[PDB]
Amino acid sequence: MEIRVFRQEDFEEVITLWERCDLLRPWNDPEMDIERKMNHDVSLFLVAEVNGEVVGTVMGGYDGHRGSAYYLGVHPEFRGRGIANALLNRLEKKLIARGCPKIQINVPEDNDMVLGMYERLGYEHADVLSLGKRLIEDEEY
């Protein structure tokens, strides 16, 4: 396999991958989320392709101060082969390449597993509360 940048043709294949990995939350329209990312900057939005097919994603980003990562998933049939790791290790390097000093990720608290994965890779938990506010509402889909 091989990690590259998301391109428009990857659009339905990615949604259908997010489907299979249950990354889909009713609040967030994934069509909209991809459109936003496209309008914005696709360059830290990476896909893993095996056999000329997408099997993993990470929507990474950078705001001029912190790196981010959302929509990190790997196809349940492709889960043994270090894909999410290759995917995070490519993002972190693409971030360093543009002077991003730190990346920060939110993980569901009850998910003790994915929590251990990140810690393994040298991520520290911060003693902060994440606070959020909805600015634009996504319809149901």
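Counting begins at 1, following the sequence as shown.
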Higher mean Cα B-factor in the deposited model: 105-113 or 92-100?
105-113
Lowest, middle or highest third - CA B-factor, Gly80
highest
Ordered by C-alpha B-factor within the chain, which third holds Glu9? Give me lowest, middle or highest, please.
lowest
Chain thirds by Cα B factor, record data; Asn39 belongs to the middle
Taking the entry's C-alpha B-factors for this chain, is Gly52 in the lowest, middle or highest third?
highest
In terms of the CA temperature factor given in the entry, to which third of its chain does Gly64 belong: lowest, middle or highest?
middle
